[PDB]
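Just the one chain here, laid out as structure tokens, in the form deposited in one PDB entry.
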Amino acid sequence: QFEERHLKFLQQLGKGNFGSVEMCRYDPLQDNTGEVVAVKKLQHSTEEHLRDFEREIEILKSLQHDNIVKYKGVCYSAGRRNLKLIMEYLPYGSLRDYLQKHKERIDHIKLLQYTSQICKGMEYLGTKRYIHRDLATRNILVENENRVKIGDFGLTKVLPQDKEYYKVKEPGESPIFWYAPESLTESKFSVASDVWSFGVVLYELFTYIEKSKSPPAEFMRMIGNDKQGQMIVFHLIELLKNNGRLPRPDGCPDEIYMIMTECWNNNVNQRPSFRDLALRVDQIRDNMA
């Protein structure tokens, strides 16, 4: 629906897995009246990354939720080359950068509002049997001060109709400090592994994205910064199996930290559901108000 000749590049917004996102104005009338949009592209169009990108486009197009970034259309050139995903532009950027900049004027009640919106969006994904596999504050976008949206689905997979997990091992670098143990050991991804990752997102929010408090920084210090290459994931696996966890962030209440630790259960089946997470968060949020 979007013609490439009317997409005017403005600036780069971010770079994720196998591609980037650009700020563009779609100005078909060429009179500077078109809306600003976000455009995702692949940095190199391999036929494996292309079909993964086409599956990502179909996944986002089928999601309609207040806390999921809105799909707008597609755009390609020469026949069907240079596929581009057109999304709504969210003016405040990623939640990670937003929280780090406004940390002094974002209180705990506001964090729980973001936490509850992420949970409702994740529950919506579960009803479609989608596994996000990449939940992190860098992948959450801020529409305004009162609303956030899950903003990237490059690693999202559809569950098989006969199983409740999806096995996959991507060649490259994986966000192992957000990964559930069964994802590190067996490459199994499920709703329960998304719940593990959500607990790390909750940890991120209450550290206010502080320098030395990031999950990679805390985990690499616990296993020792001595560890090299593949012995990092080996020592991370052993640390989690012995119930080594991220510490409680400064100023985080006990009831909020216990939600994280309950999300960080080695027993896959004992982790809470996203509906129960939204319930406990909402009731805590109401008690504070």
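Numbers for residues come from their place in the sequence shown, where the first is 1. Whichever C-alpha set is largest while still superposing within 1.5 Å between the two forms counts as the rigid core.
One more form of this protein, deposited in another entry, exists but is not displayed; see below.
**Q** Is there a C-alpha shift of 2 Å or more at residue 275 between this form and the one not shown once the rigid core is superposed?
**A** Residue 275: C-alpha displaced by less than 2 Å between this form and the one not shown.
**Q** C-alpha of residue 77: shift of 2 angstroms or more between this form and the one not shown, rigid core aligned?
**A** It does shift by 2 Å or more.
**Q** Does residue 17 shift between this form and the one not shown by 2 angstroms or more at the C-alpha, the core having been superposed?
**A** Residue 17: C-alpha displaced by 2 Å or more between this form and the one not shown.
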